[PDB]
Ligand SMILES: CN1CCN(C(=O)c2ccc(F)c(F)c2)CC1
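As structure tokens, one chain now follows by itself in the form deposited without the named molecule.
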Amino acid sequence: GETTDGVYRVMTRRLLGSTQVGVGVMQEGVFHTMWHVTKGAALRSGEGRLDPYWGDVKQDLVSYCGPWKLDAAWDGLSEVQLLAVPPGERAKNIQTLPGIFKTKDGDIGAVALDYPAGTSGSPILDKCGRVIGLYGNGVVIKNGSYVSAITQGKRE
């Protein structure tokens, strides 16, 4: 299987044609995506197979082949880049200044960019190219646009 670092599309042939259900990050031999993309199911990579290693429905994250490796955090001041990988379209970097989700358990960074549901799992990066979280879990505000959290896991 292809295990080179980079961003990957999560595809399925169960529905009509081939459908992109999400996106993920390959880093240090571990595939990282959002839980609602795969529902914890096994993935295929050419001839190889990736099996789930860690997952949590509340965090909305899952890792394949090993533990969660991404641990960079948003600094709270700087602009970031959503490396959006939309269905049927080429990967493109969109720069934005994140907002804030104020919760009872603290504040989380949030990106106000609207992309198809099949873009879930696309990495959000800092100026160094480090993945500070994944896109695809948030809320819908008054005007109808999407505001996603910058969802980051924990590195053991």
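The first residue of the shown sequence is 1; numbering continues from there.
This next part talks about the form solved in complex with the named molecule, which is not shown.
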item: Pose source in the entry with it bound; superposed partner the named molecule; site open or blocked by backbone or C-beta within 2.4 Å; value: blocked
item: 4.5 angstroms heavy atom contact with the named molecule in the entry with it bound for residue 27; value: no
item: 4.5 Å heavy atom contact, residue 67 to the named molecule in the entry with it bound; value: yes
item: 4.5 Å heavy atom contact, residue 59 to the named molecule in the entry with it bound; value: yes
item: Residues in 30-54 close to the named molecule in the entry with it bound, defined by a heavy atom within 4.5 Å, in order; value: 53, 54
